[PDB]
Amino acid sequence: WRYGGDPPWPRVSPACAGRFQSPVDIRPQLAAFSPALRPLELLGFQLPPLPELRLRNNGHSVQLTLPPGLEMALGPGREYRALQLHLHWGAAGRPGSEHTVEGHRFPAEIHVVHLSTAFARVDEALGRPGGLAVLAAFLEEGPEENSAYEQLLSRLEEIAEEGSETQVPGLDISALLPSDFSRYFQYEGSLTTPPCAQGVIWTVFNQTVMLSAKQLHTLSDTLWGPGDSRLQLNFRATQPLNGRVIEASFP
């Protein structure tokens, strides 16, 4: 499978034709204020330099594989472990966030993928309610350089070739996300890639994260994908809510 053409995702995984797919257009107007939604709690995200983490050009994104010990709670009794993070981005002044807000696409998006503590493996969790949870943040153009993002972006050069990887030092993974853990949208959706399994709890932060133009350019212009093609516009088209209600943690 690939972005921008065949093989039609459904022929790959039938679940890519489910009613309740991701990503979606967030309309904060139509969101439901749900005061049950307490602030997110991350444990063990402040990693030391050793051991090193694998960073991979898998042809679809750049993926940072995360070690055991990153614990995430969406609430009391809603416990997850981080597996990996990856990025979706566009090209030169064409934005590439997967989620949009009142139809606005942001320059790029980060996903931190998590497995419910009730499952030993991802393949058991696919399609199961709340089996995976994604924490999602938009990246916008800002004046300053994001020093946290610079540690990953300075290594893209080394994995330019599709299917290539490198080892990088541990870092503050929670410094790749916004500081406001209390203001977010939450909804039930799917993977945005095949096999597109449903049952995924998406949390999407109100606050964005700022990268410099050089940084956004480095993300969009450095990696190569399937064929002699640049790895760009690595986002799926927005999917109708089909009667899902997005919750908001704030009025």
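Don't overthink the numbering: it's just position in the shown sequence, from 1.
Averaged over their C-alpha atoms, the temperature factors of 28-36 and 60-68 are higher for 28-36. The mean C-alpha temperature factor is higher for 7-15 when 7-15 and 237-245 are set side by side. When the Cα B-factors of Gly75, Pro95, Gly130, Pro169 are read from the PDB record, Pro95 comes out highest. Ranking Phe119, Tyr80, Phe138, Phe181 by the C-alpha B-factor listed in the PDB entry places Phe181 at the top.
Per the PDB record, residue ranking by Cα B-factor puts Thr100 in the middle third of the chain.
Annotation for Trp202: C-alpha temperature factor in the lowest third relative to the rest of the modelled chain, per the entry. Residue-level temperature factors show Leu223 in the middle third of its chain, judged at the C-alpha atom. Placement of the Cα temperature factor of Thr193 within the chain: lowest third of the modelled residues, per the deposited record. When the modelled residues of the chain are ordered by C-alpha B-factor, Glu124 sits in the middle third.
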